[PDB]
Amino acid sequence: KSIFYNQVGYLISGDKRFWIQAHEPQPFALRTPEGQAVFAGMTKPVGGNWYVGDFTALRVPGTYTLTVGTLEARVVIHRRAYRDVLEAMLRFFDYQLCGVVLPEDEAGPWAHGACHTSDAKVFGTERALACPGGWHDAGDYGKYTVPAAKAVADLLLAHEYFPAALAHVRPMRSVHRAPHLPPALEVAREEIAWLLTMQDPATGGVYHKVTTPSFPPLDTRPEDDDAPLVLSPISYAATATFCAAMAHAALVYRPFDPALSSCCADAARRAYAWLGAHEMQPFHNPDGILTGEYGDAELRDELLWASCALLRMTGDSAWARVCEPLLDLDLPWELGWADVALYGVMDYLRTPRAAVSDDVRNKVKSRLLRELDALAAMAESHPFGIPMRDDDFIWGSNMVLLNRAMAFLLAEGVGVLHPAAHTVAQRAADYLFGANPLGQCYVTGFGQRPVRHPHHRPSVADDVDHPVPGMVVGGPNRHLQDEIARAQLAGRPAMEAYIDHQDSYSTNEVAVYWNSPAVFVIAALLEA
């Protein structure tokens, strides 16, 4: 028996919900710490085990004691409830920084020295080049181009959608170059910078990843990882995904860093030149390389995104000839890392409408709305109001949820205003912060049941008891895709297929592209 709620808190002007397992309505009260009832209501069935208590009408800020039946809970209402968790979600990218000293005054207990500072050998050859900076991808120390592109795209979109909300947030500012950019762009730049080093000059092609041949033990501190670095071969996926991220960066950084902006635009055009002279061949790990593959068989949604990004970057109507036939395809319109068509949809919809066929544009917006309707229909049959169903609870189910909430919010910028856009965004935050069958807050160092044991090298390696805060875990994975999950979570419903265990990498790992949609969604909720 337990009350299920958003354990970070609620916005004064936001919807306020709690969940309980019950088979009957039942009264509830919210109280000041001294015990005085301030709000009273009745619970409502959402089926089957689940009942819901709505306390949206309570607009007074403060800490409240929520009581229903014989259960009690600590509830926080604040005009800016999600500020701290937002900062921490953004600061995570700075905690992931490679090849740069993280001082104790910024990083606290999780401070460390500049790691992976050696040059990397181009696979097969005897050449070696520096690819320093950027982010450790996930629980490991690999730096992969494809998932990196999603991470930067999300942070750039977050800045240009919700700059005011991100302004209240502070990164590891002293680690970064001065003058200091807005928090989202400041963080994203390190990664845009690492990444420009990943492009082969005299080809324009981009190396798929820079990793050690295999994973170090879960014990390895960032700077005890002294295995040689290798650059896996140039891939179509990495090149096209690089092209779209750089063309995106070229636009956004224009008023902040003209030199970076111009450098990214030229890098994007060179990458697209490579795509036109090469074959859409899926990446596979070369022999001897055992790290994260980030493979993918479909590369048309990558070409789509790369084409639409250059369409918006240039405003040149000539790009629409390439983009629009690709937008017709029955590709899933998703937000990566493998299926990136929706990013292309967004750059095309945000392109000035004069440089674009208005007939195709209406079809694209019509398909987007119909989808949003499909996601809305899922949300209204789910007890927790999230656009999910059992089969969606796969590896990184939290990202699946966050991307879908992001899709509702992105669409508001292109004239597609779905009525459920903001309740879904709130329900997504609630679920992520504890409103789920496990009562589990899926972010490290937050809520009343925080993630304690993430599959995260620096968190496992250190003698620090608490993990790096602000890390969003993958979430419930029905496919039980690691030994711990198999032995422990067999036969439980999809939403309970999670264990806070450090060896459960398929349910409890972190990722740079799992934090990036979280930053977008939380920044959306903060900006009213």
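All residue numbers are counted from 1 along the displayed sequence. Rigid core: the largest C-alpha set superposing within 1.5 Å between the two forms.
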Higher-deviation stretch (C-alpha RMS, rigid core fit) in 6 other deposited structures of this protein, choosing from 489-497 and 455-463: 455-463
Of 31-39 and 46-54, the one with the larger RMS C-alpha deviation from the shown form in 6 other deposited structures of this protein, core-superposed, is 46-54
Highest mean C-alpha temperature factor of the two stretches 338-346 and 375-383, which is it? 375-383
Determine, for stretches 501-509 and 19-27, which one has the higher mean CA B-factor as deposited. 19-27
Note to self: of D137, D301, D391, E87, the C-alpha temperature factor tops out at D391
Whose CA atom has the top B-factor in the entry, of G470, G35, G474, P467? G35
Looking at the C-alpha B-factor of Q7, is it in the lowest, middle or highest third of its chain? middle
Modelled-residue ranking by C-alpha temperature factor, third containing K209: lowest
Going by the CA temperature factor in the PDB record, which third of the chain does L525 belong to: lowest, middle or highest? middle
Assigned third (lowest, middle, highest) for the C-alpha B factor of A249: lowest
How does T145 rank on Cα B-factor within its chain, lowest, middle or highest third? lowest
